[PDB]
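Notes to accompany the following structure.
Where a number appears in this text, it was derived from the coordinates with a stated rule and is not lab data. Cβ: placed from backbone, ideal geometry, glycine included. Neighbour counts: every protein chain shown.
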Amino acid sequence: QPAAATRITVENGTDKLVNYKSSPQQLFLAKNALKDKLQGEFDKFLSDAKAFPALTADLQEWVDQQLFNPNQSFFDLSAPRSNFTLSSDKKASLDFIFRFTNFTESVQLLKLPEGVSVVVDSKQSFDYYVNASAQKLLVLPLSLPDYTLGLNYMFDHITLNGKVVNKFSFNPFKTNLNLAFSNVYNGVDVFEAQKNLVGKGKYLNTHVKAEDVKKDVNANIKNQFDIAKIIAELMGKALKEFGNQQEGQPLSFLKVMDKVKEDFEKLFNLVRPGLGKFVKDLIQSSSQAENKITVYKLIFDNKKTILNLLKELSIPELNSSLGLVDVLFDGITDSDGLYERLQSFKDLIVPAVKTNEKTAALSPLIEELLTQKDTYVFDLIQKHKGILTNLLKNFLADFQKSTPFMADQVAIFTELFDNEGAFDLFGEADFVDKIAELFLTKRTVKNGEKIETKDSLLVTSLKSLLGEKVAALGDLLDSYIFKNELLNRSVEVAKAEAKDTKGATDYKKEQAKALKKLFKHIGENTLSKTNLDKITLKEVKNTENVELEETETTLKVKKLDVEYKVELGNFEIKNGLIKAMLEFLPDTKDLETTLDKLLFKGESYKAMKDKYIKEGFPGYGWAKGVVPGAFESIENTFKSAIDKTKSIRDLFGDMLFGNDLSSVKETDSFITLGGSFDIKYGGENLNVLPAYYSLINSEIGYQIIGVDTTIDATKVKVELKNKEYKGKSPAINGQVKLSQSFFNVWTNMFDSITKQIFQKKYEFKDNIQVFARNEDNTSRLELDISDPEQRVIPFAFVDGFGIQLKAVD
């Protein structure tokens, strides 16, 4: 028969951690370090009430799987005797008896997972001598779907058959104790990891080659440059569609992705191979897409990339499902049944899917989209909000974390997404006009007195950017650059002072006209494809093989010398780009009031006027009435030598273009970048160690720590092609000419900016984390990740800094 199981239940629970030292509240230790504290946890869960039922289940599993599955067709079983000594003593001494007898009339042999080899005849009562010595239970790690620390037992002694089976195991790699962890796992931490993974001819040493290192670094530089070119082209392949349209027809950010689907595909398969088609299909899985598709063929038109992007996490499911991920790839199971079988196997796929809540957070969304069908995508798949824009922000943030020095784009996108709104611009809307409602509108929606205290976003951005660099035009920036409707729309005020829909009434458009013209210009002249063609990167040295240095448990880089003369060609910061953002300034003919307010009836010249009225003019002394004869004809000359037919637009036109506004053509030259600047990655005596992902991964990389990134921006010629003056009717022509004076001062200040704000041989030190991927997405560097000795755990906090699994002790 069989032994009686009075404690066959296996229900149990997990454990927790306690803060120590100055580690953050997020405790994520690994194995090692506490090799004797898991001893304590196992003893604690070993010498209590719920321990002996679990040991009953352990012995049940052993006597079931390890005794009579290779038996029991021709050997019966009987184990009348059973006792436990699992008290608080925590020791080990077991006392069972199991009797084996055969009912068959034949000579057979007992199959046991042990040194068992003996002839057995029919009707024989095999004796299985069960006894134990005194010992303490070691600890085995589990191969759970969680790969937790194995709060479990490695046995050391059982006196069986009259002998000892050294380092015995009762059913290894499985236990009925369910003592999983959510914080601390098993393996080699990062440095005990960087102890059996780096050596003389060991793993990382033998799987990284000098030619591969050089190819990886040079391809990283080329990818950086080229991705910059794609990003610029988009900013000019999207701006052209933003601004080329006439008002009255919307064009949002999701609609504009229709014109740059292949552009995103190129960008995303250049940042990471195999992902370009994914993002193009993703954009096609939107409301504004030309074709409407579901998320099933989207999620399965690559498989590996999506599973390894979403499920990354630390583990415990990626490499675990890698026993079924390859099985999941099998049969590609065949067409017209592949969909059905994948929907069927989602039932066991879903745990890895639901183990989310890191940066990639749309895994719950995809699991709801995959459990049941989805049809309309025209809001039903838009309420997920883990949508094109959010995922774009996520992956671009990842790119920034890998490429720190393009911080401007990710930053500006962050305050773009800093609001809970603007989600409709990720769908059917009009992009530039709505963002003007967001960037260039003082929201005052009411009619009592005034709700103008909602300063627009672009005003705040420029007041933070150009805050107090110059003190003269700050009041100008407030008065006519910001208190304007051009940089502060003041909605509902247009329909509060007129309320008849006149041409100049609708102030959302008059700002929009100039902003859209600037977008059109950037989309056809400056950042067009034709003009962005002539921004070329070329090799300089790129020939010396970067051989590795090895010294025991270390791996070093001898020397690096790579230079990249980024030829700027003649990038045409064209006359006309500035013309639009000059249209940002008012064109009203009331110039005289503006100059009277800024220069005379202001905050500082008024003080000097009062001072000179009171006293002054040294040398004269007694002449007090002359002062109201001095600041009465100087102002007369200044305000009589201004042509009223010109507007402040034309004043800044003289200041910037040189000649006046309407006589200056867009097909001129205004700024034409010359020469070429150089990037100088290099480093000598640099360490190299196994590079892990932002969190754990099965796929080891290799990062070269200590690269000295020298950016020499010199050897450029930023010419201001209108460097002289040829004017005929200056706005302030006369004996007080500012237009020529302003042109001189602007040329001087712009030369100062281009000489100082630009090249200074900026130096920067960082680390290159390159995960060299093979042709068919089969990255060369890898571990066995099978034995409980190479499961590296980067999320560990090393015990060298000090870790104790006790509450502040």
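Before moving on, here are some points about what is shown:
- Greater than 21 Å apart at Cα, pairs in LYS463/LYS721; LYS209/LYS558; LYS229/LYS761; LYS261/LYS508; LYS516/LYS646; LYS520/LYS755: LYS463/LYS721; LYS229/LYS761; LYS261/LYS508; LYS516/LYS646; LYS520/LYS755
- Inter-centroid distance (Cα atoms) of segment 12-42 relative to segment 459-526, Å: 58
- Space enclosed by the convex hull of the alpha-carbon atoms of the chain, per residue, Å³: 264
- Hydrodynamic estimate: the Kirkwood radius of segment 206-312 over Cα pairs, inserted into Stokes-Einstein at 10 °C and 1.306 mPa s, corresponds to D of 99 µm²/s.
- Inter-site label distance for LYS303 and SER694 at 7 Å from Cα along Cβ, in nm: 2.7
- Under the simplified labelling scheme, the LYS401-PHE750 pair shows an inter-label distance of 4.2 nm, with each label point 7 Å from Cα along Cα→Cβ.
- The Cβ shell under 10 Å around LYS44 holds other residues with a net charge of -3, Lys and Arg each +1, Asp and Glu each -1.
- Cα gyration tensor category, rounded, prolate or oblate, for segment 1-153 with a/c compared to 1.5: prolate
- Rg ratio for segment 661-809: its Cα radius of gyration over 2.2 N^0.38 Å, N being its residue count, equals 1.95.
- Efficiency of FRET between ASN244 and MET581 - r from beta-carbon atoms, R0 22 angstrom, step 0.05: 0.80
- Tail beyond 18 Å, pair distance distribution of segment 67-203 (Cα, percent): 69
- Inter-part distance where segment 392-412 and segment 732-809 are each reduced to a Cα centre, Å: 10
- Mean Cβ neighbour count within 10 Å, used as a protection proxy, ranking 75-81, 43-49, 685-691, 612-618 highest first: 685-691, 75-81, 43-49, 612-618
- Computed over the Cα atoms of segment 312-416, pair by distinct pair, the Kirkwood hydrodynamic radius stands at 16.2 angstrom.
- Within the chain: Cβ-based charge dipole about Cα centre, in debye rounded to nearest 20 (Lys, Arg +1; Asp, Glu -1): 2120
- Between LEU348 and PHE631, the contour length at 0.36 nm per residue exceeds the alpha carbon distance by 93.1 nm.
- Using only Cα coordinates, the Kirkwood hydrodynamic radius of segment 571-690 works out to 19.3 Å.
- Each peptide among 401-409, 266-274 gets the average number of other Cβ atoms lying within 10 Å of its residues, and from highest to lowest they stand as 266-274, 401-409.
- Neighbour-count ranking [beta-carbon atoms within 10 angstrom, fewest first] of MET655, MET235, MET154: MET154, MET235, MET655
- Rounded to the nearest angstrom and listed largest first, the equivalent-ellipsoid semi-axes of segment 555-770 from its Cα gyration tensor are 55, 24, 16.
- Cα-derived Rg to Rh of segment 430-565, Kirkwood definition: 1.31
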